[PDB]
2 protein chains.
Amino acid sequence: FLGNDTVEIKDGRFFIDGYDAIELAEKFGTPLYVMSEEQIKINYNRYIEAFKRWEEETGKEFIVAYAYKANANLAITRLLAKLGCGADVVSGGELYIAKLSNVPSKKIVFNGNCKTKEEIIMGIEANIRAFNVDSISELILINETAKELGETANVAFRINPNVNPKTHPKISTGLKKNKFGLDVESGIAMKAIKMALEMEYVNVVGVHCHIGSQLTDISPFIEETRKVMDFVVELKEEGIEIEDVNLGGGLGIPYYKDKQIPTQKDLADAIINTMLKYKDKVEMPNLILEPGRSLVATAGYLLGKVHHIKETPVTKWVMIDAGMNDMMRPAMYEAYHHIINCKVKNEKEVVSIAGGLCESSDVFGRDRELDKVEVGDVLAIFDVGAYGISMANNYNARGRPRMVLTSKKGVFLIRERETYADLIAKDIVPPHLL
Amino acid sequence: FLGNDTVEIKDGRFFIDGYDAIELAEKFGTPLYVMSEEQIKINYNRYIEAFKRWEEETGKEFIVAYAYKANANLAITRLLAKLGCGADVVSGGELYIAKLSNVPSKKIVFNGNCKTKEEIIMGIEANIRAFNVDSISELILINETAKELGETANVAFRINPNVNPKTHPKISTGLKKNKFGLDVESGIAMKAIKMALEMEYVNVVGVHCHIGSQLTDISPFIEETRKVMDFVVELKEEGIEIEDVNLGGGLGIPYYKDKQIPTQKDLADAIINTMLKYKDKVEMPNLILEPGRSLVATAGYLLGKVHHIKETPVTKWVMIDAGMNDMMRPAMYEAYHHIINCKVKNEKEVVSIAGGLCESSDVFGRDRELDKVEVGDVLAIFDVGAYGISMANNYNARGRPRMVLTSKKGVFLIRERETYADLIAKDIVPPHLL
Ligand SMILES: O=C(O)CCCCCCCC(=O)O
Ligand SMILES: O=C(O)CCCCCCCC(=O)O
């Protein structure tokens, strides 16, 4: 319900963008991923409507670089591209898909702690907005590679702000124990940027920072912004101007439908206001965010038919043709996902929903109360648009699921399922094993 | 070093089956999975040898049903198939692979808590040794399906013995709160078997049981065998004879070279000795085991070239082209894997190894002591032959890696890598989005 603005219940049946979920499952088979085109438009517009304030009080641009790793299906990236959205790519493959999705290079940022010469060349030739440099080793490579191409590479800098360990314990730890960014306090971030300014084939264009994911509190974001901006003034004091300020992504999603969490609006006010408090010290730069889950998560639903009902002395198990290989979130993090029966019964019942993989962790939900589950029913799991198909695999020799896009134009198969032949399409038997 | 019987360090260089690891990396590229054919033969032979005692003392067969879910690369199954190994499949795709690998049907067992009608038809048509029935609901389906097909389905029953909570807490809680098997204590197992004996299209072949994975203690296997055999005795007093007894897999492998673990010999002595104690109450049946990890794990090595060396104020990172999407174990279970520099340097240093994915969990190991790491070196992470490629994915839009098999005949490519074209090979853009 909360966050799922395009779904409803017409006459005891679940609907996605007006389409009958049970019928979709019957038409395209199961397991089936269902992405809502409208929901994506809604999630994107909210980010635009809530940040339009930035191109009024600063006269600068606000760019939304969608984090491809959340879902890089061609049809989806294509759709986001058409909406004028940007792209946050983190590998040669995402850059490849981004460019194929017709996403303007001026709206493309490249992240990653291990960028290969191959990926760098791709970024330079494509003339992406910026290379969110992660280390000095990366800068030296980019610069040396641009020299080779005879071109100039745009470089931002992923920094780890001097966050206060007391106020935000986790944010501080995450920025200091991980592999990303250039530490500010130690003077490495400064060392890097200054090192770049003296190179002839790189063009410093900004700074970047990403503090986490699924954060349902503006506090960390306010703190991040402040510490990042504090570094910008420190740069100005050295005679270094920043064109762009990328604060990454990580805004939580309404997985739990009982409690209300911060919206794009709340996040906008927090950042915008914090930013403005520096309207004097430094020129207000372009603002960039790299939302992933907060753009596609609530648009995806996974449908799975129940093939068996197993009753045990302590639990009532509902077995569905959907498994952890199709959607890894539950089994990997024990994370919560709302689950319901696409058919409304005049009776409730507490059960556990599991997949068919021979892995104990292959469970979608426990002790969930749903309308009487019956063999043949189609259950639906919410919020699988982000980190669902993008992390899907063939564990237990199972092909990845089909994907359909529901739009006002109709329902379209945006991803075909894999057959048994696909499972072995990359395998080769040596001669002595034939 | 422990368990890795086909690798060595010759001239300050790491070798797999006599093949220069660095050269393999140069030739086939990185990231690269390297499977040792001889190691797999050794692991398999260790089981056959340790259990040869069974047929010599009962005249019955001892069958090894390799668990495909640990690794079902066509070449690997093809290899085990030629060794006379059996197959423990849990999906239509695994049965499909098993049958294409020329594994005899009388050496194939099918496990799974959610076997679909489609898969059951496949198992029946193939006349597999047995369906390891996971629930009464599955039993009815199998029988009904065999009926419509006008054939008989061989079935065994996966039971969950009433393991003592105090003794082995983890093992106990699993056989009670998980979705697998038929509860013994509550009488469900007995009920299912008695029920099967009435059906006209099923053939009761035996009992099955699987207690866990990566078990480095012989104690749990003894308890399993005893409680399984006690149940068999109960069936005997009910006039029900048991042809096969499948005790599943679970034997752990030496990820840690520091600790000594049980061998196949310790397992056989534990199982066979316990089994023979029932020779006076019941006729000794065929013995089946479903080794997965203990057959291929130590045969796999993942090679990753270092592209950058990042030095933070606290940790010295080494970024390689091998990522968690290639081998999900570290990032997913925070499990330990031995890692070394294929090149022996005259001095060592402590470093942390990370992949290129933008996910903080994408770290292979922290604070490891390796020979001086230098850009361009090739690192090797041990014991990735099981639950490695089988769990690989394309997270961050990265295709799964290449795999080579090293044998006495030479080194051959057994899995081709995925290109950027492969990543979208299943994606389809709808008309309004072209
Ligand atoms: O801050 C980072 O880079 C690491 C976390 C990223 C989110 C990935 C998966 C999420 C899920 O299943 O909820
Ligand atoms: O009990 C089961 O059905 C399955 C266990 C598989 C875990 C895989 C790899 C990680 C590890 O080594 O613990």
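Analysis parameters
Residues numbered from 1 in each chain as written, not as in the entry; some residues may be left out. Chains lettered and ligands numbered in written order. Heavy atoms only, no water. UniProt positions renumbered as here; feature names shortened; annotations may be inferred. Contact = heavy atoms within 4.5 Å. Buried area = accessible area lost by both parts, 1.4 Å probe. Salt bridge = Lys/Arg side-chain N within 4 Å of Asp/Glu carboxyl O. Helix = DSSP H or I, 4+ residues; strand = E, 2+ residues; numbered from the N terminus. Nonpolar A, V, L, I, M, F, W, Y, C, P; charged D, E, K, R; others polar. Axes fitted to C-alpha atoms, helices over the stretch in contact; angles between N-to-C directions. Parallel < 35°, antiparallel > 145°, perpendicular 65-115°, else oblique. Left-handed = near helix turned anticlockwise from the far one by under 90°. Pairing = 2+ DSSP bridges. Near = heavy atom within 4 Å. Polar contact = N/O pair within 3.5 Å; in protein donor to acceptor, adjacent residues only side chain to side chain. Areas by Shrake-Rupley, 256 points an atom, 1.4 Å probe, with all protein chains shown as cover. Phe/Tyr/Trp six-rings, centres within 6.5 Å; stacked < 30°, edge-to-face > 60°. Buried < 20%, exposed > 50% of the residue type's maximum accessible area, 1.4 Å probe, protein only. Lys NZ or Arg CZ within 6 Å of the ring centre and 35° of its normal. Least-squares fit on C-alpha atoms.

As summarised from the PDB record, the model derives from X-ray crystallography at a stated resolution of 2.40 Å.

The PDB entry annotates chain A as Diaminopimelate decarboxylase of Methanocaldococcus jannaschii. Recorded in the entry header as its title is "Crystal structure of Diaminopimelate Decarboxylase from m. jannaschi". Looking at chain A in UniProt, the text filed under Catalytic activity is "meso-2,6-diaminopimelate + H(+) = L-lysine + CO2". Entered under Pathway in the UniProt record, the comment concerning chain A runs "Amino-acid biosynthesis; L-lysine biosynthesis via DAP pathway; L-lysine from DL-2,6-diaminopimelate: step 1/1."

A. Representation of the interface of chain B and chain A in the model. Counting residues at the interface gives 96 residues for chain B and 98 residues for chain A. In this assembly, chain B packs against chain A so that about 7900 Å² is buried in total across both faces, 62% of it on carbon and sulfur atoms. It is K179(B), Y420(B) and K426(B) in chain B that bury the most area against chain A; as a group they hold 10% of the surface buried on that side. Across the contact surface, chain B and chain A share eight salt bridges. For the side of chain B that touches chain A, the element with the most residues is helix 4 (residues 92-100) of chain B, which contributes six residues. For the side of chain B that touches chain A, the class distribution of residues is 42 nonpolar, 24 polar and 30 charged.

B. Molecular detail of the packing of helix 4 of chain B against helix 5 (residues 117-125) of chain B. Residues and elements named next belong to chain B. For the pair helix 4 and helix 5, the least separation of the axes is 9 Å and the interaxial angle reads 25°. Here helix 5 runs roughly parallel to helix 4, going by the angle between their axes. Crossing of helix 4 over helix 5 shows left-handed handedness. Note on element contacts: helix 5 touches helix 4 through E119, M122 and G123, opposite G92, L95 and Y96. Of the residues in the contact of helix 4 with helix 5, the class split is three nonpolar, two polar and one charged.

C. Quick look at the sheet that holds strand 2 (residues 14-16) of chain B. Residue and element names in this part refer to chain B. Spatially, three strands are ordered 1-2-3 in an open sheet, and the strand pairing comes out antiparallel. The sheet is open, and its two borders are formed by strand 1 (7-9) and strand 3 (19-20), each paired with just one other strand. Here strand 2 pairs with strand 3 via two bridges, running antiparallel. Its bridge partner being in strand 3, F15 is matched across the sheet by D20.

D. Highlighting the site of ligand 2. Residues in contact with ligand 2, as listed here, are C358(A), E359(A), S360(A), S213(B), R293(B), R329(B), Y333(B) and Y387(B). Ligand 2 sits at a junction of chains, with neighbouring residues supplied by chains A and B. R329(B) has a polar side-chain atom sitting 2.8 Å from an oxygen atom of ligand 2. Across the complex, the protein chains shield 84% of the 410 Å² of accessible surface that ligand 2 would expose by itself. Broken down by class, the residue content of the shell around ligand 2 amounts to three nonpolar, two polar and three charged.

E. Highlighting the pattern of salt bridges. Residues and elements named next belong to chain A. Summed over the entire model, instances satisfying the criterion amount to 59 salt bridges over all chains. Between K265 and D269 there is a salt bridge whose closest N-O contact spans 2.8 Å. With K265 and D269 both in helix 11 (residues 264-276), this residue pair falls four residues apart, about one helical turn. Through salt bridges with shared partners, a single network forms among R53, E57, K265 and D269.

F. Looking closely at the sheet that holds strand 3 (residues 19-20) of chain A. Residue and element names in this part refer to chain A. Taken in spatial order, the three strands of this open sheet run 1-2-3, and their pairing is antiparallel. Sheet topology places strand 1 (7-9) and strand 3 at the edges, where each strand pairs with a single neighbour. Of the strand pairs in this sheet, strand 1 and strand 2 (residues 14-16) are connected by three bridges, and their pairing is antiparallel. Its bridge partner lying in strand 2, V7 is registered against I16.

G. Examining the UniProt feature "binding site: pyridoxal 5'-phosphate" in chain A more closely. Residue and element names in this part refer to chain A. The UniProt record marks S213, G250, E290, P291, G292, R293 and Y387 with the feature "binding site: pyridoxal 5'-phosphate", using the residue numbering of this structure. In this fold, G292 is placed in the loop between strand 15 (286-289) and helix 12 (293-296). Those residues in contact with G292 that sit more than four places away from it in its chain are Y66, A67 and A70. In this structure, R293 sits in helix 12. Here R293 is in contact with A70, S213, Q214, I253, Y255, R329, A386 and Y387, once residues within four sequence places are set aside. Polar side-chain contacts of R293 include one of 2.8 Å to the side chain of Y255.

H. Just the packing of aromatic side chains, in detail. One pass over the structure, following the stated rule, counts 19 aromatic pairs over all chains. Plain terms: the ring middles of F51(A) and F62(A) are 4.3 Å apart, the flat faces sit at 5° to each other, and that makes the pair stacked. Separated by eleven residues along the polypeptide, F51(A) in helix 2 (residues 37-51) and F62(A) in strand 5 (residues 62-67) bring together distant segments of the chain. Each member of the pair, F51(A) together with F62(A), is buried. By way of ring pairs, the aromatic residues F14(A), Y301(A) and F382(A) are connected into one cluster. Sitting over the ring of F15(B), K10(B) keeps its end group 5.0 Å from the ring centre.

I. Representation of the side chain of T274(B) in the model. All names here are of chain B. Its location among the elements puts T274 in helix 10 (residues 264-276). Within the structure, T274 has its side chain in polar contact with the backbone oxygen of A270 (distance 3.0 Å). Dropping the residues within four chain positions of it, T274 is found in contact with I222, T225 and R226.

J. How the structure looks around the relation of the copies chain B and chain A. Least-squares fitting of chain B to chain A yields an RMSD of 0.4 Å, with the superposition described by an axial translation of 0.0 Å and a rotation of 180°. Here the two chains are linked by the operation of a two-fold rotation axis. Taking the C-alpha atom as reference, chain B places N393(B) closest to the rotation axis, 2.5 Å from it. A share of 98% of interface residues in chain B that are also interface residues in chain A marks the association as one of identical surfaces.

K. Expanded view of the UniProt feature "active site" in chain A. The sites that carry the UniProt feature "active site" are, in the present numbering, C358(A). As for its placement among the helices and strands, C358(A) is situated in the loop between strand 19 (348-354) and strand 20 (363-371). Residue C358(A) is classed as buried on the basis of its relative accessible area, which comes to 12%. Setting aside residues no more than four positions away along its own chain, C358(A) makes contact with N396(A), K69(B), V90(B), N111(B), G112(B), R158(B) and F180(B).

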